[PDB]
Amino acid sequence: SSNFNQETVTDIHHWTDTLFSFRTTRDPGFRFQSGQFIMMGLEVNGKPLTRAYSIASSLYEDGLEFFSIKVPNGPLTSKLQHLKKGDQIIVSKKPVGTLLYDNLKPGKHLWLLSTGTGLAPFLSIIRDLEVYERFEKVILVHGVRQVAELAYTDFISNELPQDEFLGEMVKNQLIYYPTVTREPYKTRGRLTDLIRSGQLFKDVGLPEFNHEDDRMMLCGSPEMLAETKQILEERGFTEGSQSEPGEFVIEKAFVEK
């Protein structure tokens, strides 16, 4: 420790028995780029117990936010799930990751394709002025299994458009496309199935992906990332990196341990 900032919990919200969000203080020195992750967790017997977490908060916010799984036997989240306001967490000081605008070639459309907690980095990006300066449209796809897992659905649809700074850009440029596999909902099925049938493009009112206009960031389950990568690679889209801008970038929302 002392390669960590101590932050205090300010707010906690449980979406379901497996998903919760919380907000903390943010150190004055803590700088990041929208889409980056850090190591977050708890001081346990005077040593760090930390996991990779996407920063879900805006870089414009005087606070941090995390959108977290709750795993009953998971070493970190078995404890993290019981957090209360005024509890302390630790956050590493060196943000990293691939979900960055400069890893993509300039374009017209940015598709943020997520499952489950993979929404987290995109909650930072849709609350960044810079994404709306760079992209005419931002399409946020969030795929989940149950309606109650659509964390932030009322925030994104109703509260974000009234944001005093970003409200008008979100109204004009953000298209939010939630989908639910295992419960009745206006939009059903896996985002991979919705690309393959063309229903994604019909429903959001934009053309089929093309090499000129469309860029993607992928953050989701190992199955969704493998299937969506193959879809995009076989259509002739290239994976970006710091060393060579591309049309799409990938980050694991988690690893099957």
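When you see a residue number, it is the position in the sequence shown, counting from 1.
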Going by the B-factors listed in the PDB entry, is the mean over the C-alpha atoms higher for 70-78 or for 120-128? 70-78
Mean C-alpha B factor from the entry: is it higher for 43-51 or for 226-234? 43-51
Quick one: which of 61, 193, 203, 65 shows the highest Cα temperature factor in the PDB entry? 193
Specify which of 169, 144, 112, 175 carries the largest Cα B factor in the deposited PDB entry. 169
By its CA B factor, does residue 211 count among the lowest, middle or highest third of the modelled residues in the chain? highest
Using the B-factors in the PDB entry, rank residue 153's C-alpha atom against the chain and give the third, lowest, middle or highest. lowest
Taking the entry's C-alpha B-factors for this chain, is residue 105 in the lowest, middle or highest third? highest
In terms of its chain's C-alpha B-factors, the third that includes residue 89 is the highest
Could you tell me which third, lowest, middle or highest, the C-alpha B-factor of residue 10 occupies within its chain? middle
